[PDB]
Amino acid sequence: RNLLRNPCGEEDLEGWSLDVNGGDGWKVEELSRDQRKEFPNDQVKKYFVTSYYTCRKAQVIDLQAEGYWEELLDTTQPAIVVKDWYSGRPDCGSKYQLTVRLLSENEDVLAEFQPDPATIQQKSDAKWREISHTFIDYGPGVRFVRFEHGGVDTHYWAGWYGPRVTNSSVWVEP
């Protein structure tokens, strides 16, 4: 049970918080039948593409609102697994970055998955990549999951397109 709203763009841009570029920073497209082969299920049929290399978008999940009460979290600590799929485009290099945080009730960063940026080298095609992380043993107080991704916000145009993203998920393990 994926706790992120609108993982692939089926509701267009709804459910996502946009950066300064707003609506103009993003487009939703259909995957070629070929690209559909690259995902676990055959339920991934769309994707988001940044219009400009710095574009990011974000969502915050309220765990209590999703059925995960205070005490299950503090006491049981179930695995929270976060995944994303990103790619470049056919013919040049993209940059991508993902930030996922586990937040307390007053928004302290209690845990953080912020891997280095991904540099997607240029190629005739644009294979999808997955990125995955599981939080366990994360401690008491976890209430929100903030999930943010897109291009690398930098003052410096150095060649690199923004990424394509789709199939974002967050879930709590049984």
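Residue numbers run from 1 along the displayed sequence.
Higher-B stretch (mean Cα B-factor, as the entry records it), 136-144 or 26-34 = 26-34 has the higher mean C-alpha B-factor.
task = With reference to the PDB entry, specify whether the mean Cα temperature factor is higher for 161-169 or for 147-155.
result = The deposited B-factors put 147-155 ahead on the C-alpha mean.
message = Per the entry's Cα B factor values, which of 59, 114, 124, 50 stands out as the maximum?
response = If I rank 59, 114, 124, 50 by C-alpha B-factor, first place goes to 124.
request  = Sort the modelled residues of this chain by their C-alpha B factor and say whether residue 92 lands in the lowest, middle or highest third.
outcome  = Residue 92: CA B-factor falls in the highest third of its chain.
task = Looking at the entry's B-factor column for C-alpha atoms only, identify whether residue 44 ranks in the lowest, middle or highest third of its chain.
result = As the PDB entry reports it, the C-alpha B-factor of residue 44 lands in the highest third of its chain.
task = Taking the values exactly as deposited, rank residue 104 by C-alpha B-factor within its chain and report the matching third: lowest, middle or highest.
result = Middle third.
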